[PDB]
């Protein structure tokens, strides 16, 4: 009954990103000069889209990116930025602020692979995914409550959106449109949840290696959700991937 677009953007570069140090929930660094530039370029790229809703993590690097994107936007000045701590980066505990290479050493020393390993004080992959699941539940409820004017009884075929390599791909006739600004590990985990764990459609020519790749700073992804209410429970009946980790603006 409600169809809405979700655009997902990773925050712009920090000095930690540049120096390849792990950045989680505890070190609240700002954008570097490079990050400010990347955020402005993403803001210019998305400037002609109306974001009816905006959600950002509580972390400064993400808040700044969201602020720059909205400042550059030509349609969304009345949209409030909602801070949601559920969008924070995966926690890395004692590994945070150490070279990403140190995490690999810790994994090795502990006998597990980089994928199985969670450092002390850190979050496991399932814990991060649970946060995204909670975010989705909150997102659906908020979109549904606010966009009664957009609700429709008309069902469609799971055919492909128009993807022309432009900023509005897949959203040309989708007026309800949320922006989500978050973090690389969180987004990667979230994308895999959407694609693998849920019923999901992916367009012609999109390689799975791309779908599951790490997101660059200000890399942009897009999904279209169709949600239904049954027994007062909201559920996604269709999730359509449009593009993943796009960085044409860079």
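Numbering follows the first chain given and starts at 1.
Legend entry - Of 14-22 and 226-234, the one with larger mean CA B-factor: Here the higher of the two C-alpha B-factor means belongs to 226-234.
Inset, instruction - Take the C-alpha B-factors listed in the entry for 140-148 and for 127-135, compute each mean, and give the stretch with the larger one. - result: Taking the mean C-alpha B-factor of 140-148 and of 127-135, the larger value falls to 140-148.
Inset, instruction - In terms of CA temperature factor as recorded, identify the highest of 85, 71, 99, 93. - result: Going by the entry's C-alpha B-factors, 99 comes out highest.
Inset, instruction - Among all modelled residues of this chain, ranked by Cα B factor, put residue 169 in the bottom, middle or top third, i.e. lowest, middle or highest. - result: Middle third, going by the recorded CA B-factors of the chain.
Inset, instruction - Grab the CA temperature factor for residue 28 from the record and place it in the lowest, middle or highest third of its chain. - result: Highest third.
Legend entry - Ranked C-alpha temperature factor of residue 178 among modelled chain residues, by third: Lowest third, going by the recorded CA B-factors of the chain.
Legend entry - Ranked against its chain, the third holding the CA B-factor of residue 2: CA B-factor rank for residue 2: middle third.
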